[PDB]
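For the first sequence, position 31 matches number 617 in the entry's author numbering, and the numbering has no gaps at all.
To start, the structure under review is shown below, and the notes come after it.
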Amino acid sequence: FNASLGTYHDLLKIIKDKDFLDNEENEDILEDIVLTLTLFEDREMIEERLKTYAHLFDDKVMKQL
DNA sequence: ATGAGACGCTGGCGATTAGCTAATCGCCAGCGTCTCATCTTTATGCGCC
């Protein structure tokens, strides 16, 4: 197969919570997170853009993301 | 009741005196890197009005 679902497996291996990615209601948060991880590279900048989403994942998980 | 009108070696040299583009060819040309990201686009691989 040409197509695949790599981001889903990356998230499930990083955040270790399948329920968030499988949830349809979470897709806006997911698109914004992908947007942040794509638009930026600097750890401090990514960390600042995602301070609003630090309550859904552990700080160590916030580090890994 | 007299006193003007009629004007040269130059040309052919040397020998100063002064002055100017052009034709031929050769040489020789600032360059070195990295990072970072960014987009494209191509080779192959899959579908019928």
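Backbone N, C-alpha and C define an ideal beta-carbon position, used for all residues, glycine too.
Given this structure, state the Cα-to-Cα distance separating residue i from residue j, to the nearest angstrom.
| i | j | result |
| --- | --- | --- |
| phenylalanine 606 | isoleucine 615 | 10 angstroms |
| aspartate 645 | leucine 636 | 11 angstroms |
| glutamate 610 | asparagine 588 | 24 angstroms |
| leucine 591 | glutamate 617 | 15 angstroms |
| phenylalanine 626 | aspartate 608 | 25 angstroms |
| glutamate 634 | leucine 598 | 23 angstroms |
Would you please state the rounded distance, in angstroms, between the beta carbons of residue i and residue j? I believe it to be under 8 angstroms.
| i | j | result |
| --- | --- | --- |
| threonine 622 | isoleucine 632 | 6 angstroms |
Taking the CB atoms as reference points, tell me whether residue i and residue j lie closer together than 9 angstroms.
| i | j | result |
| --- | --- | --- |
| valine 620 | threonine 638 | no |
| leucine 651 | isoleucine 600 | yes |
| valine 647 | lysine 604 | no |
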